[PDB]
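These notes are about the structure you will find just below.
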Protein chains: 2
Amino acid sequence: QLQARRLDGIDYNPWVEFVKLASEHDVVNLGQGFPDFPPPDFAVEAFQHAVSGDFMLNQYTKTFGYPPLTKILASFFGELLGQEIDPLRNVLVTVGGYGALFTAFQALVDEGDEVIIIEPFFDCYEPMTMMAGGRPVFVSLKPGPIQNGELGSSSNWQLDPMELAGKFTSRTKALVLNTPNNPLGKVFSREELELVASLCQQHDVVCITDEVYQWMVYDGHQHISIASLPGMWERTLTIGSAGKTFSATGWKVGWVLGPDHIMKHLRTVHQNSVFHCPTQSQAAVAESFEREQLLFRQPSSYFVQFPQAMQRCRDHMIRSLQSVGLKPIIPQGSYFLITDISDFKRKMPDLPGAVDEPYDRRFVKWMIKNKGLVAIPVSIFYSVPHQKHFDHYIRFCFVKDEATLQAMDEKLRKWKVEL
Amino acid sequence: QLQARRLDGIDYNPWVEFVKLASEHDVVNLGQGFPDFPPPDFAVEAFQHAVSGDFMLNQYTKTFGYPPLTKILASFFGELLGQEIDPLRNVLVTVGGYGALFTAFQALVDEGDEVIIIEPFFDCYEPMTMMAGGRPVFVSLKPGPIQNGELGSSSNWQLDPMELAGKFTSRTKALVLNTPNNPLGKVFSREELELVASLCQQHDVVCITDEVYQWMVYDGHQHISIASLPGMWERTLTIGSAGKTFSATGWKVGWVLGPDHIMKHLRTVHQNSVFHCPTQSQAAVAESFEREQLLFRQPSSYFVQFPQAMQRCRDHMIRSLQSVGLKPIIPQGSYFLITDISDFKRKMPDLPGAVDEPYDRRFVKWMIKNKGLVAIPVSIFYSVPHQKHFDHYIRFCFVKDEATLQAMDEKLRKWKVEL
Ligand SMILES: O=C(O)Cc1c[nH]c2ccccc12
Ligand SMILES: O=C(O)Cc1c[nH]c2ccccc12
Ligand code: NA
Ligand code: NA
């Protein structure tokens with residue numbers, strides 16, 4: 001073989017496929033998990049300052065992070081986590097939340113280890129486990145009963161304690177937690193986190209916690225970081241994304257926070273893979289966090305204003321999608337909501353596609369080509385054996401400009417007449 | 001073990017002790033392998049434009065590269081290599097030349113594979129081979145004869161054809177070629193490349209070619225890309241660095257060029273590790289290459305002016321360093337020259353050090369502390385078994401501001417005249 005065996009079974013990527021398909025048709029693109037409006041002025045200005053300031057910012061910075069960035073990460077997140085964070089020993093700056101995940105898997109996961117992943121899961125957790133020689137083990141959130149003409153809530157998708165406990169074994173190396181969850185929008189409760197924490201402590205397992213949507217919480221729901229829970233700092237790696245934090249996904253800056261005895265291994269991966277992150281975007285992100293720490297909890301701060309604005313976009317989309325019979329599950333956080341399409345599957349089962357092909361994939365192609373709306377089939381966030389059973393949801397992104405939502409409504413009005 | 005075994009023996013960075021010692025003293029830092037002056041105005045302005053233009057440049061771009069960048073990389077390097085290059089199939093944008101290297105090793109190198117590495121080598125080739133489960137196989141360039149009258153030339157460090165041929169086995173997966181070479185500054189001749197090409201073809205080996213210093217060639221020496229040789233495109237990966245190209249090392253943008261049947265595997269690694277490179281730095285790099293393509297081979301082009309300027313810096317450093325008995329080997333390319341310190345070893349054989357610490361490492365420490373000049377011991381660019389023999393060279397970087405070269409001369413004045 002030319003190629004390494006570690007690449008077995010991970011050459012296909014759904015986003016590569018889906019982005020190509022959407023670009024081939026005239027659509028309102030609610031599949032894109034990023035803003036189509038500008039980042040806040042302070043953030044764009046921060047990047048402008050970084051590229052017009054000290055000329056030496058054009059040259060390499062320190063391997064484990066631009067010092068002003070590690071300093072503010074350690075200060076701000078130390079406060080949030082109720083933890084003393086050493087910028088040199090407990091912070092690593094990475095190429096996005098994505099690179100941070102990769103660094104964690106490559107540092108800790110070895111041949112034969114099991115990694116527990118919670119369905120629905122941000123799809124990369126599976127192939128990253130595989131590339132590191134790990135065996136993915138899946139626990140599935142249980143959609144709650146929906147009654148009295150109500151919409152479901154993401155909060156009511158349950159992490160069953162018996163199910164979760166049954167997935168832990170002597171071979172479990174890590175559990176991957178994503179809260180707020182992409183694609184579902186669930187914000188894990190203290191009780192749910194205590195369940196995860198108790199089992200990670202009992203089995204001596206590391207929790208890799210993907211908290212990129214930390215600030216995107218709605219309806220009074222509170223983000224809780226599992227690393228802040230008793231006994232968890234010493235066994236947790238906490239991941240964030242500047243892009244998802246500051247509505248600047250193209251900046252691709254992320255970080256991992258955690259204890260030195262774990263972090264030293266991620267540093268080893270980092271020094272042997274990218275070595276440096278870009279200097280100037282780090283400077284921009286540091287300046288942006290400084291601004292938010294200064295205004296923390298104040299009504300003028302982005303972390304207060306932006307979630308409030310996006311909650312209005314969420315509510316708008318929830319109302320609109322119902323007009324054509326899609327059934328939203330109300331999210332408590334993230335950029336996303338999912339809609340149940342089971343009524344469509346029942347009444348329009350015979351959409352064309354491959355003999356094995358999940359209904360949601362076929363529905364999304366139908367909707368793009370005939371209705372001019374893009375969504376993401378939720379089955380890509382499920383293990384293959386479960387895709388045939390979770391093929392009746394699709395994911396929309398509501399973090400969009402007013403004009404995009406109006407364009408969405410135009411499409412929905414046309415559909416509604418065609419029902 | 002908490003950590004994965006792939007990290008075995010790759011946690012140490014032998015640079016670090018020198019960076020730390022340098023920071024503790026009043027030094028002229030000729031160890032840093034990057035400019036201490038600004039990038040050219042057109043490059044800095046390109047980045048400024050990218051962060052103050054289309055607001056959507058703040059969001060994600062395409063996974064395998066920002067299209068305007070892959071477009072110009074394909075056209076510009078297609079011309080240079082005499083090769084039809086498709087942006088989508090044959091170009092991958094990466095996190096620097098370093099990320100490009102990592103991506104190639106992770107795609108291709110597997111347990112039980114051998115990788116041929118040419119000494120002195122850019123130090124990461126060894127641990128990257130190790131992390132991917134490969135066995136590094138080392139072949140040393142051998143300096144040709146030079147008398148007490150004249151200086152050696154990098155061109156005269158020879159790759160013995162029969163030595164090289166004997167390194168090849170049924171297990172050889174890749175050969176890593178770095179031209180122009182860091183630390184030595186050798187520019188491989190057409191003859192030397194034809195030899196490498198012949199053995200790679202005979203044994204069905206992939207040539208990973210690190211060409212970050214492409215533009216930094218001196219004394220009328222020409223950069224030849226091995227991928228341009230007959231039959232080589234189908235078995236070569238060619239790596240470049242925006243940072244080394246535009247004197248903007250903190251930008252950390254690189255690329256790999258190659259045939260689809262190999263590139264698809266690097267795409268698999270990429271999509272499962274970083275997914276996106278940052279958008280705006282890619283826009284800046286595209287704009288910078290457009291500028292240089294327009295002015296290709298013209299007197300006003302950076303690719304003509306800059307290496308001419310740096311040749312003058314090289315010449316200044318070669319003369320200056322001889323004042324204290326250092327013996328430069330004249331480089332034909334790169335940012336670097338090495339000096340033989342054998343005369344110091346003879347006169348001052350006993351220097352403070354650890355057990356089996358190579359003389360050059362002890363000498364650099366002595367020089368930093370006592371003379372205020374930083375260099376890099378060349379033994380870090382050798383396999384451990386060969387460090388005993390190649391213990392008497394140190395690396396200087398001459399890509400420095402005129403003020404820095406003046407400051408070098410002040411340190412040399414003090415070395416000669418004081419005490
Ligand atoms: O959920 C999203 O839309 C964001 C997203 C999709 N594929 C990705 C790959 C890398 C980083 C983020 C994403
Ligand atoms: O040779 C140099 O000084 C440049 C250099 C040393 N270590 C490095 C790691 C990544 C990228 C560049 C370098
Ligand atoms: Na255990
Ligand atoms: Na062979």
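To find a chain, count down the sequence lines: A is the first, B the second, and so on, and within it residues start at 1. Counting starts at 1 for both ligands and their atoms, in listed order.
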Measuring from the Na ion (ligand 3), name the closest N, O or S atom belonging to A:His203.
->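 Within A:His203, restricted to N, O or S, the Na ion (ligand 3) is closest to atom O.
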
Can A:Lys365 be said to sit on top of A:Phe18's aromatic six-ring, NZ or CZ under 6.0 Å from centre and within 45° of the ring axis?
-> no

Between B:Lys62 and B:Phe64, is NZ or CZ placed under 6.0 angstrom from the six-membered ring centre and within 45° of the ring axis?
->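 No, B:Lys62 and B:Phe64 do not form such a contact.
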
Would you mind checking if B:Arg267 and A:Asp11 are paired as a salt bridge, meaning a charged N to carboxylate O distance below 4.0 Å?
-> no

Amino acids in close contact with ligand 1, where any non-hydrogen atom sits under 4.0 angstrom away | A:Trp15, A:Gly33, A:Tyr98, A:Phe122, A:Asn182, A:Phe336, A:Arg395, B:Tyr60, B:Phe275, B:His276

Quick one: are A:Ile116 and A:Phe138 in side-chain contact, heavy atoms under 4.5 Å?
->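 Result no, sub-4.5 Å side-chain heavy-atom pair not found.
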
Are any side-chain N or O atoms of B:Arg5 and backbone N or O atoms of A:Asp110, one a donor and one an acceptor, separated by less than 3.5 Å?
-> no

Which pair of non-hydrogen atoms, one from A:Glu211 and one from A:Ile226, has the smallest distance, and what is that distance?
->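 Closest pair (atom of A:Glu211, atom of A:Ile226, distance): OE2-N, 3.8 Å.
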
